[PDB]
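Residue numbers (the entry's author numbering), protein chains in the order written: chain C, 20 to 73, 95 to 125, 132 to 294, 315 to 331; chain A, 128 to 659, 672 to 800; chain B, 128 to 659, 670 to 800.
I have placed the structure first, in the form of structure tokens, so that the comments after it can refer back to it.
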DNA sequence: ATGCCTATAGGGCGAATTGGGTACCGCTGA
DNA sequence: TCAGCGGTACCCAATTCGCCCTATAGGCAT
Ligand SMILES: Nc1ncnc2c1ncn2[C@@H]1O[C@H](COP(=O)(O)OP(=O)(O)NP(=O)(O)O)[C@@H](O)[C@H]1O
Ligand SMILES: Nc1ncnc2c1ncn2[C@@H]1O[C@H](COP(=O)(O)OP(=O)(O)NP(=O)(O)O)[C@@H](O)[C@H]1O
């Protein structure tokens, strides 16, 4: 977990385990000094906070490397319990778990050398937040760089405008090009949006975030299958631009090609 | 069923001032109707049996159709005597506790009325014990104590950071920032107009992002129109106006798709203004210089004769190049160079070795160290046709530029309306963006006074605070019309009290409110109390506050004892529950007042529960039905930095005090 | 002899930051040495057994000569972690209560030091329960609370009215008002320099009336010099300078008669620059136009070539005499005046009463307030030929106007010195006026800490009040080193408190002090308390740790908290601390009559109170400090005097005696 | 070996920003 | 009245600070 973005990914995964519908991510100095995530999901007990300090083991890993302070209020009316670094004491927070981080590299000057600038690594933090937001429209995500909110991703209810938030996540130009693709072949169920190949910009073509069971998966062959379908529409061969949610493996890929091709054409 | 009512009226250059008195009851009122019809309506409303007017009253037409008229001298309406006489009548050292102190126009009438009252009656009038200011505009009545405490535009320090302004003021244009600021100091209470904003804001929530960039192109058109009216406008000001004119077609298109009749009404108020945009494009260069003084403002193709006088100033470099070439050929001097000098004009410079080899036609103009500069008749003649043509073309530029005011002023009124509408759009679109960003809800207005907040939050404190605000519910009604809020410091007493005040004010700018859900009733006067004086402001709130008024009492009883403050707070809370029944929030440290809910009807015990574990403490920041458990200054003292060694003595001192009580 | 001291140092683009820690005692200090030699001296002074430095520390030469040196990474000196770690160490929610919060440069050192400190000894640090700033400048120490509370330049509201500034600021010249304002924000404590002011002020009290009018002629010469240096000065700015230059002989004459060596030194520093006076008198017209852009600035006879380009303008000058007269005759309007404008050219301005009496030949050019400017073809034709040749005169007039800087820039340094000296003269003549007017006394400075005031008064409150202040004395020494001041609400217990603070501050601007007689000792730090616990006790925490034996403590309405048992208990401990441990000069304005049992408990403390006589519901405050305690509560009696309804007052007195029957 | 990918740091450009310049505001003795 | 006349608020506009970006190398699994 050398990249601050990879740490962010782990903390959001812990917020998804809580089942939080509200995520707020705080970043200081390119995301190195502060990584505060507050969540409204299940609140781990003061005992569950103590063993997580000592998914709990993954929290212990960041606590040893950095001075991670985690405060969680239990569903049972109670003071939230805030575990620094290794001190656990009462705190004020609504029902849920908050995962604050001090300089990620408290004991690693090599990991500081591994940090790439302050903005490019934040752009990597943005990318991770950009990918999980698509997978989970249900959970609100508010992103702030150096304490300045950059992106306002809004929790979408079932039947709500997933496209609006999708448009916010990947930019308006993607949404315009994006054609809603929902293909079900027997048990295999595909839902999402694929950008129109002819007028697709290179930046939209780079955005090809494929989610299998709400987990981001990149396969060159799956890309090649969508790229083939893009090459079938028109002679020019541009990078495939597809955001999809599929529940399924190689026979599927044959019907990811046909399923996408039929909607595209 | 009529009464014998006495009154007075006076005016200055600004507006009108009014006062009344019933000798049967002893009621005394004050007002400042700004316009004529309001003033005529107020005379018509009160209908005084006896009316006073100053010998030099300008707008006599108001009073020449009234009964029991009295012509009074001017000096009687002087504010100096007025303040002095009224202070000694009420026995106060100031009229701040009537909320009339900063209403001198009206106090001229009141001052003249009382001097006349002390002369008409000439008996003891202790049945006159108070005056009150009642400017019952669609605007909320707020003392500057609210505006300095709520930090609407100005924080306690005097800065404009951590304000409700700073938060809501993400407005792209400055004239939007100002209209936002006026709204927040003048909350609209025409429930229809408020709903017109709430429906507008709901519709633009989606389209907010697309409109904002287009609005940032406009700039401060409102202040440009102020310079346009004065005929003192600058070319770059007119460029910003043209840049704004080009956006009106784009905005008319974006707002056409938006489903909201108020938006469609605002879209019509905005206007196409294509003809004014076309004239500015044809006339002015895309980016002209700062002043018209310099010229180079009006683009070629607008005026033929401008381009004629320009054509003289454009036939220059080639003329001198041919001269430079011809004179270099004829004389045989290759260092001969014809250049311009801002001080002396155009010259012919030759190197010092070749300077005295020049012919007899060359007249000495400038002697240099490395050269000798000259002037000749052809240049000197050419120098005249340039210098004059510049000035005449430039003079025509100033005249045309003034003529452009004659073409724009016909629409000036319509441009101000459009500018106000554009400024209003920026505010609305900004508020729609903030509501979209900060997940704000639309509060719906009811008939009876009361605020029902569902998991509501402090709109400013939540933004700048690193930790999330703990959501706070409120249930105010004429049944639960007061809440005794006790607890610790950093309990959230003042936050939950000031969060309620902002919520009301943010609801009464038609903007989406910082809560999950709010249902609010008529709040006509928002009044707040905070330490720098104390008794002065509380009295103004007692005298002015009605059944409908929102009262925000913060620690009444910062006085000179345990009991002076408690006794007063008890009487004030009783008064506002027993007599006035105003919407009152009484956040105080007086746990003794927690015996009011059992004493009074309408009062309810609430507190900010704080649970102390180890030496440190946790404040739930959550409003619970009950009272403060104990003292917390000891717990806070450490959190303020104080050495624990002094607390170990202070806790021991508290233990001795606990044994007594 | 030898100490085991841990220390750290860091610098930014602005200056240096420094911190230390002794593991033997637990003293934890911080500083921001601005310059290099101060920073070298501080390392040399402390002599730490172990010293931290950032890998990218620029000025290494400082630390190449110290022992036990440690090379640390940059990230450790980050303020974010520093604030977080130090908050957790002390258990505070902010470092405002150490008075170091607004010293981030040093807190980088402190932050890096503690992270290292918690790790070097790896022991419990309960003895290290506070950090404190030791200012590299040991002249004066003024926190924001003091400036906002004593109201030196800014009242409680934020206005600059009824301040110590507003009172003392009767300065004739604006550059004097600013030098007065800087002095108040930087009270001098070089006893020599203070006495240099006190001797100057004493000598000028007599000559103040003669000099003030001469100083008012000068105007803000300092801001004119700022524009002259930028080469952006205006003719009417140069006219004020010429007007000021004409006064220098007059000022040199009036200050010559004054017997004060500092005045005679200031008189020599003042200079004359009568050469530069001669230059401007010859160069510029007596009363020139607003801007140089217009021209018509430089008087004829200075530059001949300006006169050659103005040969047309010389013919043009009596052409405007001939057009103004002809048009004054023809129209019949005597207020008709012909003047120049860079934007429009030459115009004909007529007074508003006579504006509409002008003929139809007159075309509207400029509309003004109480005037209407016009244009006619003859003038508009004449305007063109003049604009161009007079333009080459104006370009030369602007070129000669720049050359006026080239003739003034040799003395520019000396003019700034002179301007500062003239500004200083205005301040010290202004103070000499105020002291003469208000019969202020010269306080004499002693070596030991303490203020001995004889019938002293509040310098601001006495001016704004409609009643002559009841002047009262003060006897502060390291024997009588504390006063517990009890009294009524709006009683005026905070006056004698605040009057003491101003007296010290007014004494430390070398100005004559508001009292009959004062003898004052070293007061380096002024620490103040005024209401609005999350804001109030944060200041009280800062005044406790920072305050020394010499520091002047002004706590007002302390313990306004969650009860009468929390506020008292803290107030009791604070009063004990400042009398028992610190033994600091403290002025404790409070309502806690229970604390009146501290003069018998503590050594140094004295009971005082503000006499107030109440008859019925109305009350009179004597505003006179008497040695004792407040008889009872008066908020009832005041409440009516504030205007609160008698229904509340009666119910207050009816509820009072139901509560007073218990206690 | 190696060859397509990838972050990077200096450079370029835009957005805030406070000093600097202008139009405006009383206004002040004469 | 009155003609400057110095002040004063406030709107620019070059400057400063932060943000972006494209050639410039490296880079690491194959
Ligand atoms: N709902 C809240 N959620 C989180 N922090 C809060 C909340 N309300 C108040 N605070 C914190 O409490 C402090 C503000 O004090 P506040 O609660 O407004 O005054 P108080 O309780 O009356 N104390 P005092 O001013 O001394 O009389 C700050 O540290 C806030 O961050
Ligand atoms: N001699 C005096 N005559 C008349 N008024 C005075 C006199 N001395 C002081 N005052 C004023 O009396 C008022 C009382 O002081 P003020 O600060 O308002 O109350 P306090 O009790 O001193 N302060 P506090 O402890 O915070 O309640 C102020 O307006 C003083 O300026």
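Virtual Cβ for every residue (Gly too), placed ideally from N, Cα, C.
Around the beta-carbon of residue 480/A, fewer than 16 other beta-carbon atoms lie within 10 Å, marking it exposed. Relative to residue 348/A, the option among 206/A, 441/A, 229/A and 549/A whose CA is nearest is 549/A. Annotation for residue 370/B indicates a beta carbon at 7 angstroms or more from all heavy atoms of ligand 2.
In terms of Cα proximity to residue 776/A, the closest of 154/B, 149/B, 221/B and 613/B is 221/B.
Between ligand 1 and residue 620/A, a heavy atom-to-CB distance of less than 7 angstroms is present.
Minimum Cα-Cα distance from residue 106/C among the listed residues 208/B, 369/B, 165/B and 213/B corresponds to 208/B. Residue contact with chain B for residue 47/C: present (Cβ-Cβ distance below 8 angstroms to some residue of chain B). Taking a Cβ-Cβ cut-off of 9 angstroms, residue 552/A has no neighbours in chain B, whose nearest Cβ is about 34 angstroms from it.
Of the heavy atoms belonging to ligand 1, at least one sits nearer than 7 angstroms to the Cβ of residue 617/A.
Secondary structure note for residue 138/A: its beta strand (DSSP E) is the uninterrupted segment 132-138.
Judged by beta-carbon spacing, residue 227/A lies within the 8 angstroms limit of residue 259/A, meaning their Cβ atoms are closer than that value. Put simply, of 547/B, 531/B and 470/B the residue whose alpha carbon is nearest the alpha carbon of residue 521/A is 470/B. Minimum Cα-Cα distance from residue 540/A among the listed residues 760/A, 753/A, 634/A and 397/A corresponds to 397/A. If only complete runs of 4 or more residues are kept, the segment 211-250 of chain B shows the alpha helix (DSSP H) at 231-247, in order along the chain. When secondary structure is reduced to three states using DSSP, residue 169/B falls in the helix class.
For residue 161/A, same chain residues with a beta-carbon under 6 angstroms away, outside a window of 5 residues either side, are 142 in chain order. Note on residue 486/A: under 16 other CB atoms within 10 angstroms of its CB, so exposed under the neighbour-count rule. Of the other Cβ atoms in all chains shown, fewer than 16 fall within 10 Å of the Cβ of residue 202/A; this residue is therefore exposed. The C-beta distance from residue 581/A to residue 600/A rounds to 6 angstroms, short enough to fall under 8 angstroms. When secondary structure is reduced to three states using DSSP, residue 728/A falls in the coil class, being assigned neither helix nor strand.
Taken in chain order, the members of the segment 724-752 of chain A whose beta-carbon sits within less than 7 angstroms of a beta-carbon on chain C are 750 and 752. Counting along the chain, no beta strand (DSSP E) covers residue 274/C; the unbroken alpha helix (DSSP H) around it starts and ends at 266-279. Secondary structure within the segment 494-532 of chain A: the beta strand (DSSP E) runs of 3 or more consecutive residues, fully enclosed, are 498-502 (chain order). Of all residues in the segment 189-216 of chain B, only 200, 202, 205, 207, 208, 211 and 215 place a beta-carbon less than 7 angstroms from a beta-carbon of chain C. In the structure shown, the three-state DSSP call for residue 325/C is helix.
For residue 313/B, there is no enclosing alpha helix (DSSP H), as DSSP marks it with neither H nor E.
The three-state reading of DSSP puts residue 291/C in strand, counting E and B together.
Straight through space, the alpha carbons of residue 211/C and residue 294/A are spaced by roughly 23 angstroms.
Residues of the segment 135-160 of chain C with a C-beta atom less than 8 angstroms from some C-beta of chain B are 148, 149, 151, 155 and 158, listed in chain order. Residue 728/A sits close to residue 700/B, with the two beta carbons spaced by under 8 angstroms.
Not one beta carbon of chain B lies nearer than 8 angstroms to the beta carbon of residue 687/A.
In this structure, DSSP gives residue 192/B a state outside helix and strand, which the three-state scheme calls coil. By the neighbour-count criterion, in which a residue is buried when 16 or more other Cβ atoms sit within 10 angstroms of its Cβ, residue 193/C is exposed. Within the same chain, 471, 474, 500, 501 and 502 come within 6 angstroms of residue 492/B by CB-CB distance, once the 5 residues on both sides are set aside. At a threshold of 7 angstroms, residue 596/A counts as near ligand 1, since its beta carbon sits closer than that to one of the ligand's heavy atoms. With 16 or more other Cβ atoms inside 10 Å of its own Cβ, residue 792/B counts as buried.
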